[PDB]
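Structure record follows, encoded as structure tokens.
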Amino acid sequence: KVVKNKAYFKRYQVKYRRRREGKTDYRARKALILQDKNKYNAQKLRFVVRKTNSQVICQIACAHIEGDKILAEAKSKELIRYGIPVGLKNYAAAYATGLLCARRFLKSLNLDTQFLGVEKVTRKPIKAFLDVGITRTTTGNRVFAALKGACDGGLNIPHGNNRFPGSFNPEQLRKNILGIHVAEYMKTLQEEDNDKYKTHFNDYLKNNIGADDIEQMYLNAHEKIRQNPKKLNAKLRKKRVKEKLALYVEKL
Amino acid sequence: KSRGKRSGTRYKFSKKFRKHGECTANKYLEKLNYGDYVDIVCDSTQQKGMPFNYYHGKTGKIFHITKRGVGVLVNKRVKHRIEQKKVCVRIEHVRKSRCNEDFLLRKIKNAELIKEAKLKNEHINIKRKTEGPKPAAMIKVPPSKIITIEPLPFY
Amino acid sequence: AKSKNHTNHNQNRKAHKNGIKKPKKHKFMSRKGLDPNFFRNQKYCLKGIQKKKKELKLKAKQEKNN
Amino acid sequence: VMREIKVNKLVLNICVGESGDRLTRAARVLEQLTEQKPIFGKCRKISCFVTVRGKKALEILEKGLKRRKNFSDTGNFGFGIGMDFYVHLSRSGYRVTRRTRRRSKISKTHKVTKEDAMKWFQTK
RNA sequence: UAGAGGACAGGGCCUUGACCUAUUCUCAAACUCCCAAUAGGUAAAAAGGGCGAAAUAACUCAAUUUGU
RNA sequence: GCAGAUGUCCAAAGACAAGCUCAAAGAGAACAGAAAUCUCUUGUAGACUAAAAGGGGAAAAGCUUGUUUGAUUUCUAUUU
RNA sequence: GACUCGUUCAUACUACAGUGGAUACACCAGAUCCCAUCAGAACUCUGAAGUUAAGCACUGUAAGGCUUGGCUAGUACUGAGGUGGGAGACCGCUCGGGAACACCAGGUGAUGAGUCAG
């Protein structure tokens, strides 16, 4: 038999477009968006962190029946203007995107002087809730890196220590948000074999980014960013198909 | 002999064709106010917070709102009289109505028209027209388009 | 003796003989047990506004009654 | 062009149909073959197997090299000897049917098929 | 209920079937891709509403001023 | 009247989270067969969901794993 | 041109071919650390040597399907009336309302908010 029968096509029910594309969830989404109906105008702003295979994006989203509205946006590719010309998928890159997003959103809402955030590494503030983005939120993930960066920027999102590196390692959290592990990998790879080190970090070596330079470079970037924000119609279809039939009369 | 909760809903509560799967992810986002008029539609994808057998399709008004519950007042007939009944349902099943959007549009039109009408001091038959007898007029038709009719034979 | 087990005849006519009765539709509906922690605030709201209005009433009454 | 069919999966299959002792011996010999721990079947416990990739796959395939009918339609095959041996080959970009973000299927133009499977086999 | 066409088992290229593609005859209180008339429900403005200020709160919102 | 069923069972078959996706059919691979294990292709439920039947269920309401006992005290508004 | 978050939830789907690769997504190199397994296949992390082959975007099929309109057809059907007809089963008439399947024609989306690139 054939499972691709016309009856099967007739009975098929299409999925939602986003679910078919695999972009969304439509259970976490509705749980995130819906708020208690007892309260009114509760927008329940959602922070959105999406990691591509190249760079991450951080947005602030509000809900509507007409559709989601985006208030503030940040890409990983803005770190060049802040001193980071390479490695925009990095853990520190995600942290910087989160801090950039938080600072721009606060400035645009005019609460910069009212929320200074925190310093370096260890009325109620405005609220946001973190997007999962399908990706399995295991311990030590770039999404939670950006979450910590936003919280340090001045946002408030309820988060535990379970998926922060360690189960709790503040030293490793500092190292990851500062890029220390990248430096250690550079050290180990350089010691073990120079060939692999150069063929891997060719661009880092091109820009001459030393191992003991990454952490200070990211720290300087963080301080700077904190102090400064064609078609065919029916007639042609019939014409061309009748021509195709005329050719197939004597073609094969 | 049997009068259980969901009795006789083999088709009524059944989701319509090619409409299976969870409720639309935007139905949660409707805005409700005390005094609004609302319709009750029993969906089956959601299970808890469910309306009952009789109330499917009825109307009412919003008088009670909780974290997720909505209490609606309905007039249900019983023999010789009508008695108010308060039913608590959930947001998935409840649905904003249209029974008053006509009257709301009429009120908005009144507000935006009779204002200028009063400004000019004109009286209008602002009551709904209910068009009855058409007027009498003259029309044209050439003799080249009059097609006669005649009863048909049998076969 | 066989007994008729049910009927619903004449019931509608009996119902409409007295006319289908309507509920009185009073204005206010009680808030005995509806969604507390909101009417909890609302009662304090009413007490405050009443207190201000009545204290101003007494102030005016005294300044007019000497 | 990178329409080269890199080796994708090798699997060793063991089936005894009895309890341990002999099953443990099969596990022991599979361990001595490849250090990766084996995986069991069902216990309606009656069979085990293991999967491998990479240089190990190349070496074991060459070892098993020592009939062109048993090839499957989609460029897969295998044989026995008390062990088993089975292989799965595919072209690059197979990830798009497995990873979670944009799950979607591969067109038939990218698959391998048996006609190319024999060519690859007798080439290597 | 019958044929049209088509690559697993049985025996002497041949047969038996099963099986697959598109057709055909007729049905279902406990079948439904569809869908009536009847019957059912709600709204059609004054103890109400629309449009801004001024107060109140221990409620909500990042907001004693966001709103309710 | 008709077609049946109930006076039980379950620390998991309850709660939550996370991961995966079922039947079936074909294709292939020692013993190995109509059926035994694995892998591939197709696959809107054709399986599964304690029980009878009827609904609902796909990044789940199903399968596997993890942590757990909200299967707790007291009290309202109410529907059948 | 490209992406992110949405709505509409099949005209958006599916099968088969053709077209498009600077950032774009994406394939892709690797497993020291966070992280996971029987397996770095998946997941996580770090990269950018090679890449339209694939996904993704667009187009094509007397493509299936879907979806509108015509037609099926005032047919089947039915509310009220009838000292209408017919032995009955049923079938007319007045005032009324009104189908579906199959068939034919057309089409394969629209869209909000935000950003990058030139």
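Each chain of the structure tokens is named A, B, ... in the order shown, its residues numbered from 1; ligands are numbered from 1 in display order.
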Kindly determine which residues of chain F lie within 12 Å of chain A, considering only C-alpha atoms (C1' of nucleotides), and give the answer as a VMD selection string.
-> chain F and resid 17 to 19 24 to 26 42 to 46 58 to 60
Name the residues in contact with residue 15 (chain C) at a cut-off of 6 Å, using only C-alpha atoms (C1' of nucleotides), excluding same-chain residues fewer than 3 positions from it; report them as a PyMOL selection string.
-> (chain B and resi 79-80) or (chain C and resi 12)
Give me every strand (DSSP E or B) residue in region 84-245 of chain A, going by DSSP on the backbone, as a ChimeraX atom specification.
-> /A:127,129-130,156
Residues of the last selection are to be written out with C-alpha atoms, as an mmCIF file, in the first residue's frame.
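The resulting file, selection-v9.cif, is reproduced below:
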```
data_model
loop_
_atom_site.group_PDB
_atom_site.id
_atom_site.type_symbol
_atom_site.label_atom_id
_atom_site.label_comp_id
_atom_site.auth_asym_id
_atom_site.auth_seq_id
_atom_site.Cartn_x
_atom_site.Cartn_y
_atom_site.Cartn_z
ATOM 1 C CA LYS A 127 10.911 43.223 36.014
ATOM 2 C CA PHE A 129 11.191 37.053 32.625
ATOM 3 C CA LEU A 130 13.721 34.933 30.773
ATOM 4 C CA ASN A 156 15.408 41.544 38.255
#
```
Residue with smallest distance to residue 113 (chain D) - pool D:71, D:94, D:79, D:85, counting only C-alpha atoms |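 Of D:71, D:94, D:79, D:85, the one nearest residue 113 (chain D), counting only C-alpha atoms, is D:71.
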So what do you get for CA of residue 117 (chain A) versus CA of residue 155 (chain A), distance-wise?
-> 8.1 Å
What is the distance, in Å and to one decimal place, between CA of residue 58 (chain B) and CA of residue 75 (chain B)?
-> 9.1 Å
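As for CA of residue 124 (chain B) and CA of residue 108 (chain B), they are spaced 16.2 Å apart.
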Could you please write out, as a ChimeraX atom specification, every residue of region 3-94 of chain D that DSSP assigns to helix (DSSP H, G or I)?
-> /D:22-33,54-65,94
Sort by chain and increasing residue number a table of all residues of chain G within 7 Å of chain A, each with its closest pair of atoms and their distance in Å to one decimal, counting only C-alpha atoms (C1' of nucleotides), and write it as CSV.
```
residue,atom,partner,partner_atom,distance
G:5,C1',A:68,CA,6.6
G:6,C1',A:67,CA,4.8
G:7,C1',A:67,CA,5.5
G:9,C1',A:16,CA,5.1
G:10,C1',A:14,CA,5.9
G:13,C1',A:14,CA,6.6
G:32,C1',A:185,CA,5.8
G:33,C1',A:181,CA,6.2
G:34,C1',A:140,CA,5.1
G:35,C1',A:139,CA,6.5
G:47,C1',A:200,CA,6.0
G:59,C1',A:230,CA,5.7
G:62,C1',A:241,CA,6.5
G:64,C1',A:6,CA,6.3
G:65,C1',A:9,CA,5.8
G:112,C1',A:67,CA,6.2
G:113,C1',A:69,CA,4.8
G:114,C1',A:70,CA,5.7
```
Determine which residues of chain F sit within 12 Å of chain C, taking into account only C-alpha atoms (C1' of nucleotides), and present them as a PyMOL selection string.
-> chain F and resi 75-78
Next, write the just-selected residues to a file, as a PDB file, in the first residue's frame, keeping N, CA, C and O atoms (P, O5', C5', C4', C3', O3' and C1' of nucleotides) as the atom set.
```
ATOM      1  P     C F  75     -13.435  23.728  58.399  1.00  0.00           P
ATOM      2  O5'   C F  75     -13.706  25.086  57.613  1.00  0.00           O
ATOM      3  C5'   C F  75     -13.868  26.306  58.319  1.00  0.00           C
ATOM      4  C4'   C F  75     -13.759  27.506  57.412  1.00  0.00           C
ATOM      5  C3'   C F  75     -14.705  27.548  56.228  1.00  0.00           C
ATOM      6  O3'   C F  75     -16.025  27.919  56.574  1.00  0.00           O
ATOM      7  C1'   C F  75     -12.545  28.166  55.519  1.00  0.00           C
ATOM      8  P     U F  76     -17.199  27.780  55.489  1.00  0.00           P
ATOM      9  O5'   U F  76     -17.352  29.253  54.907  1.00  0.00           O
ATOM     10  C5'   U F  76     -18.168  29.501  53.775  1.00  0.00           C
ATOM     11  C4'   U F  76     -17.542  30.519  52.860  1.00  0.00           C
ATOM     12  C3'   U F  76     -18.166  30.620  51.478  1.00  0.00           C
ATOM     13  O3'   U F  76     -19.308  31.456  51.464  1.00  0.00           O
ATOM     14  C1'   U F  76     -15.827  30.434  51.261  1.00  0.00           C
ATOM     15  P     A F  77     -20.690  30.929  50.844  1.00  0.00           P
ATOM     16  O5'   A F  77     -20.576  31.291  49.299  1.00  0.00           O
ATOM     17  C5'   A F  77     -20.267  32.613  48.885  1.00  0.00           C
ATOM     18  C4'   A F  77     -19.830  32.643  47.444  1.00  0.00           C
ATOM     19  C3'   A F  77     -20.625  31.751  46.508  1.00  0.00           C
ATOM     20  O3'   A F  77     -21.840  32.338  46.086  1.00  0.00           O
ATOM     21  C1'   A F  77     -18.329  31.384  46.157  1.00  0.00           C
ATOM     22  P     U F  78     -23.229  31.646  46.488  1.00  0.00           P
ATOM     23  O5'   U F  78     -23.166  30.228  45.768  1.00  0.00           O
ATOM     24  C5'   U F  78     -23.671  30.057  44.453  1.00  0.00           C
ATOM     25  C4'   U F  78     -22.638  29.463  43.528  1.00  0.00           C
ATOM     26  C3'   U F  78     -23.048  28.185  42.817  1.00  0.00           C
ATOM     27  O3'   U F  78     -23.824  28.445  41.663  1.00  0.00           O
ATOM     28  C1'   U F  78     -20.857  27.954  43.696  1.00  0.00           C
TER      29        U F  78
END
```
With a distance threshold of 12 Å and counting only C-alpha atoms (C1' of nucleotides), extract the residues of chain B near chain G and express them as a PDB file with N, CA and C atoms, in the first residue's frame.
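Result file follows (result33.pdb):
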```pdb
ATOM      1  N   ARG B  18     -10.268  18.946  12.023  1.00  0.00           N
ATOM      2  CA  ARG B  18      -8.990  19.626  11.819  1.00  0.00           C
ATOM      3  C   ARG B  18      -8.822  20.812  12.757  1.00  0.00           C
ATOM      4  N   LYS B  19      -9.409  20.718  13.951  1.00  0.00           N
ATOM      5  CA  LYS B  19      -9.256  21.731  14.987  1.00  0.00           C
ATOM      6  C   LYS B  19      -8.694  21.144  16.275  1.00  0.00           C
ATOM      7  N   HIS B  20      -8.128  19.942  16.214  1.00  0.00           N
ATOM      8  CA  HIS B  20      -7.560  19.322  17.398  1.00  0.00           C
ATOM      9  C   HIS B  20      -6.304  20.074  17.834  1.00  0.00           C
ATOM     10  N   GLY B  21      -5.697  19.600  18.912  1.00  0.00           N
ATOM     11  CA  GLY B  21      -4.551  20.271  19.486  1.00  0.00           C
ATOM     12  C   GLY B  21      -4.956  21.370  20.453  1.00  0.00           C
ATOM     13  N   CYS B  23      -5.460  24.767  22.789  1.00  0.00           N
ATOM     14  CA  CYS B  23      -6.124  26.023  22.474  1.00  0.00           C
ATOM     15  C   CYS B  23      -5.129  27.024  21.904  1.00  0.00           C
ATOM     16  N   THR B  24      -5.646  27.962  21.114  1.00  0.00           N
ATOM     17  CA  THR B  24      -4.795  28.959  20.477  1.00  0.00           C
ATOM     18  C   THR B  24      -4.017  29.742  21.527  1.00  0.00           C
ATOM     19  N   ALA B  25      -2.727  29.946  21.270  1.00  0.00           N
ATOM     20  CA  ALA B  25      -1.830  30.576  22.229  1.00  0.00           C
ATOM     21  C   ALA B  25      -2.042  32.076  22.350  1.00  0.00           C
ATOM     22  N   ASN B  26      -3.107  32.611  21.761  1.00  0.00           N
ATOM     23  CA  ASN B  26      -3.452  34.013  21.913  1.00  0.00           C
ATOM     24  C   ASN B  26      -4.753  34.230  22.668  1.00  0.00           C
ATOM     25  N   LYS B  27      -5.561  33.184  22.850  1.00  0.00           N
ATOM     26  CA  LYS B  27      -6.817  33.320  23.576  1.00  0.00           C
ATOM     27  C   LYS B  27      -6.603  33.699  25.036  1.00  0.00           C
TER      28      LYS B  27
END
```
Quick one: contact table of chain E to chain B, 9 Å max, nearest atom pair and distance in Å to one decimal per residue, counting only C-alpha atoms (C1' of nucleotides), chain and number order, as CSV?
```
residue,atom,partner,partner_atom,distance
E:33,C1',B:17,CA,8.0
E:41,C1',B:58,CA,6.1
E:42,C1',B:99,CA,5.9
E:43,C1',B:100,CA,5.1
E:44,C1',B:103,CA,6.6
E:45,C1',B:107,CA,8.5
E:50,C1',B:111,CA,7.8
```
Please determine the contact residues of chain A with respect to chain E at a cut-off of 8 Å, counting only C-alpha atoms (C1' of nucleotides), and supply them as a VMD selection string.
-> chain A and resid 1 39 to 42 123 to 127
Write out as CSV a residue-level contact list of chain A versus chain B with cut-off 7 Å: for each qualifying residue the closest pair of atoms and the distance in Å to one decimal, counting only C-alpha atoms, rows sorted by chain and residue number upward.
```
residue,atom,partner,partner_atom,distance
A:13,CA,B:18,CA,5.4
A:26,CA,B:25,CA,6.3
A:30,CA,B:25,CA,5.7
A:34,CA,B:28,CA,5.9
A:36,CA,B:67,CA,4.3
A:37,CA,B:67,CA,5.6
A:38,CA,B:66,CA,5.1
A:65,CA,B:29,CA,6.2
```
Neighbours of residue 88 (chain D) within 7 Å (only C-alpha atoms (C1' of nucleotides); same-chain residues fewer than 6 positions away dropped), as a CSV table (one decimal) with N, CA, C and O atoms, in the first residue's frame?
```csv
chain,number,residue,atom,x,y,z
D,8,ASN,N,29.4,7.0,8.7
D,8,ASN,CA,28.6,7.6,9.8
D,8,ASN,C,28.4,6.7,11.0
D,8,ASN,O,28.4,7.2,12.1
D,9,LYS,N,28.2,5.4,10.8
D,9,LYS,CA,27.9,4.6,12.0
D,9,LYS,C,28.4,3.2,11.7
D,9,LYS,O,28.1,2.6,10.7
D,10,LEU,N,29.1,2.6,12.7
D,10,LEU,CA,29.3,1.2,12.7
D,10,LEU,C,28.7,0.6,14.0
D,10,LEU,O,28.8,1.2,15.1
D,76,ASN,N,23.2,0.9,3.0
D,76,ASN,CA,23.5,0.3,4.3
D,76,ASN,C,23.7,-1.2,4.1
D,76,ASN,O,23.1,-1.7,3.1
```
If we count only C-alpha atoms (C1' of nucleotides), what is near residue 16 (chain B) at a cut-off of 12 Å, once residues fewer than 6 positions away on the same chain are taken out, given as a PyMOL selection string?
-> (chain A and resi 13) or (chain B and resi 10+43-45) or (chain E and resi 32-33)
Chain D contacts to chain A at 7 Å (only C-alpha atoms) as a list in words |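 My answer is residues 101, 102 and 103 of chain D.
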Could you take the residues named above and write them with N, CA and C atoms, as a short mmCIF file (atom, residue, chain, number, x, y, z; two decimals), in the first residue's frame?
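Saved as out_33.cif:
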```cif
data_model
loop_
_atom_site.label_atom_id
_atom_site.label_comp_id
_atom_site.auth_asym_id
_atom_site.auth_seq_id
_atom_site.Cartn_x
_atom_site.Cartn_y
_atom_site.Cartn_z
N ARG D 101 16.59 22.52 16.70
CA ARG D 101 16.11 23.87 16.44
C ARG D 101 15.24 23.94 15.19
N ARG D 102 15.68 23.33 14.09
CA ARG D 102 14.98 23.46 12.80
C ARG D 102 14.77 22.09 12.17
N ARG D 103 14.22 21.16 12.95
CA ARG D 103 14.06 19.78 12.49
C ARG D 103 13.34 19.71 11.16
#
```
Please identify all polymer residues within 12 Å of residue 4 (chain B), counting only C-alpha atoms (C1' of nucleotides), omitting same-chain residues fewer than 2 positions from it, and present them as JSON, numbers by chain.
-> {"B": [1, 2, 6, 7, 8, 9, 52, 53], "F": [80]}
Using only C-alpha atoms, find the one residue out of C:22, C:63, C:13, C:8 that sits nearest to chain B.
->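 Between C:22, C:63, C:13, C:8, the residue approaching chain B most closely is C:22.
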